[PDB]
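# Examination of the molecular architecture
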Amino acid sequence: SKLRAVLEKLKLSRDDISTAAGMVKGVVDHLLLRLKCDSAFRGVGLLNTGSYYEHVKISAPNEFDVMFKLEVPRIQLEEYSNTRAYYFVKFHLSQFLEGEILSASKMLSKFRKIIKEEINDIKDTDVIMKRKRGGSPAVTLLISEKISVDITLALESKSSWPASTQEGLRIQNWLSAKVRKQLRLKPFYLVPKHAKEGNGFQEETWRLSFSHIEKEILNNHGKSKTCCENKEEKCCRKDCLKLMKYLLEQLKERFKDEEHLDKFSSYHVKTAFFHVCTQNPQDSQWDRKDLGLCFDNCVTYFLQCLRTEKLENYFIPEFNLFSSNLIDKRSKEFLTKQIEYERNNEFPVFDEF
Ligand SMILES: Nc1ncnc2c1ncn2[C@@H]1O[C@H](COP(=O)(O)OP(=O)(O)NP(=O)(O)O)[C@@H](O)[C@H]1O
Ligand SMILES: C[C@H]1c2c([nH]c3c(Cl)c(Cl)ccc23)CCN1C(=O)c1ncc(OCCO)cn1
Ligand SMILES: [Mn+2]
Ligand SMILES: [Mn+2]
Ligand SMILES: [Zn+2]
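Calculation notes
- Residues numbered from 1 in each chain as written, not as in the entry; some residues may be left out.
- Chains lettered and ligands numbered in written order.
- Heavy atoms only, no water.
- Near = heavy atom within 4 Å.
- Polar contact = N/O pair within 3.5 Å; in protein donor to acceptor, adjacent residues only side chain to side chain.
- Areas by Shrake-Rupley, 256 points an atom, 1.4 Å probe, with all protein chains shown as cover.
- Helix = DSSP H or I, 4+ residues; strand = E, 2+ residues; numbered from the N terminus.
- Nonpolar A, V, L, I, M, F, W, Y, C, P; charged D, E, K, R; others polar.
- Core = buried A, V, L, I, M, F, W, Y, C linked by side-chain atoms within 4.5 Å.
- Buried < 20%, exposed > 50% of the residue type's maximum accessible area, 1.4 Å probe, protein only.
- Domains from an automatic or database assignment.
- Contact = heavy atoms within 4.5 Å.

What the deposited record gives as its method is X-ray crystallography, and the resolution it gives is 1.25 Å.

Turning our eyes to something else, we now look at the site of ligand 2. Lining the immediate environment of ligand 2, one finds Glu63, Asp65, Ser136, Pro137, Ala138, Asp150, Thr152, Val191, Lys193, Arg207, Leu208 and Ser209. One of the side-chain N or O atoms of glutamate 63 is found 3.1 Å from a nitrogen atom in ligand 2. At a separation of 3.2 Å, an oxygen atom of ligand 2 approaches a polar side-chain atom of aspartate 65. In isolation ligand 2 exposes 610 Å². Once the protein is present, 49% of that is buried. Counting residues per element, the shell around ligand 2 draws most heavily on strand 13 (residues 206–209), at three residues. When its residues are assigned to classes, the shell around ligand 2 shows four nonpolar, three polar and five charged.

Attention now moves to the nonpolar core. Membership of the largest hydrophobic core comes to 110 residues, with the highest contact counts inside it found for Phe41, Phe68, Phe111, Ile115, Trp286 and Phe350. With nine residues, helix 8 (residues 291–308) is the single largest residue contributor to this core. Counting residues domain by domain, this core receives three or more from each of domain 1 (12–160 + 188–210) and domain 2 (221–353). Sequence-distant contacts of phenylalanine 350, defined by excluding residues within four places in its chain, comprise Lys2, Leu3, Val6, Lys9, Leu243, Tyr246, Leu247 and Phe295. Of all hydrophobic cores here, the second largest spans five residues; its members include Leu47, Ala154, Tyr189 and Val191.

What follows is the structure, encoded as structure tokens:
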């Protein structure tokens with residue numbers, strides 16, 4: 001089929017994976033070792049996240065995501081202005097305090113400065129730091145002009161998840177209530193992405209991250225524990241996510257001279273995909289033989305999210321990714337129009353010629 005042919009072209013080369021994995025591990029392990037020499041980052045550890053580690057990276061293994069996590073004992077959180085996702089952290093760490101507030105901006109600034117100085121000492125490999133991207137909690141490196149790596153500082157809390165998550169992670173009918181309880185016993189993370197404050201931002205605030213839980217779900221994604229472990233249980237969940245990501249990426253590439261698509265991200269499709277899995281919890285609703293129908297249902301669900309301007313964060317239901325505070329109505333209408341055209345014409349944006 002056409003979709004199967006697209007999936008074939010999206011597969012990663014084993015040779016590319018081998019080379020990229022070696023490059024990234026070498027650079028990241030070095031930066032970890034050097035950061036641990038600083039008094040403030042002594043206890044840092046690594047957590048691999050995002051599409052490469054979820055086995056849904058497409059085309060080339062040229063973008064990796066990692067968290068450098070730090071456990072801070074006796075952590076106390078205060079929600080910022082009923083935003084549900086953003087928090088003050090109250091508490092060798094004195095350098096980052098603003099009163100009793102542990103400033104996200106201050107910690108990120110030193111983290112970035114250390115990494116920038118350390119990549120300058122790496123002489124056996126071309127490593128540079130990309131310019132700051134507003135709204136990202138990550139420090140982004142480019143290795144050998146080819147491989148991007150996002151390194152996100154994170155504080156780790158082993159306390160119960162914040163109350164704003166109480167009604168999220170609605171996986172009970174799909175992955176089980178037992179699994180939901182087990183996942184909610186794991187730590188959660190705070191990353192230095194700041195809440196909007198008018199036309200500025202609250203530079204002290206941090207944002208909740210559950211990227212490790214997203215990875216565990218994607219890598220253990222069936223109602224059956226043996227989903228995708230044998231030829232009789234090959235579902236099309238990840239294939240549908242890959243196709244949705246490629247659809248969005250290709251449209252963003254086409255309309256790049258346009259502004260209306262700049263705010264859409266693969267996280268929007270990832271979030272919508274998790275909701276589709278919640279609404280279709282049986283592995284038999286994702287049979288490989290039904291790839292075209294499954295993908296079409298993912299597309300129409302995403303269209304409905306755009307039209308209603310509703311895409312709840314999977315962990316924090318009152319955080320609407322498609323709120324008008326984040327994305328203009330006209331931008332959602334513009335993307336709706338382009339996706340409808342693709343659906344109605346059997347996805348010409350997928351064709352090479
Ligand atoms: N807006 C967001 N809110 C919460 N978490 C986010 C957000 N954007 C990114 N993340 C997290 O950061 C990870 C890496 O982001 P990103 O590299 O943009 O996407 P990805 O999922 O790795 N897909 P790809 O486009 O293949 O890189 C995501 O998988 C999420 O876990
Ligand atoms: C660090 C992460 C990230 C963002 N927001 C976050 C929130 Cl809110 C939380 Cl909680 C945690 C992590 C993140 C945006 C930026 N991130 C990305 O990985 C990223 N990578 C590649 C992109 O483009 C590729 C095509 O050009 C765009 N983004
Ligand atoms: Mn990524
Ligand atoms: Mn990234
Ligand atoms: Zn499966």
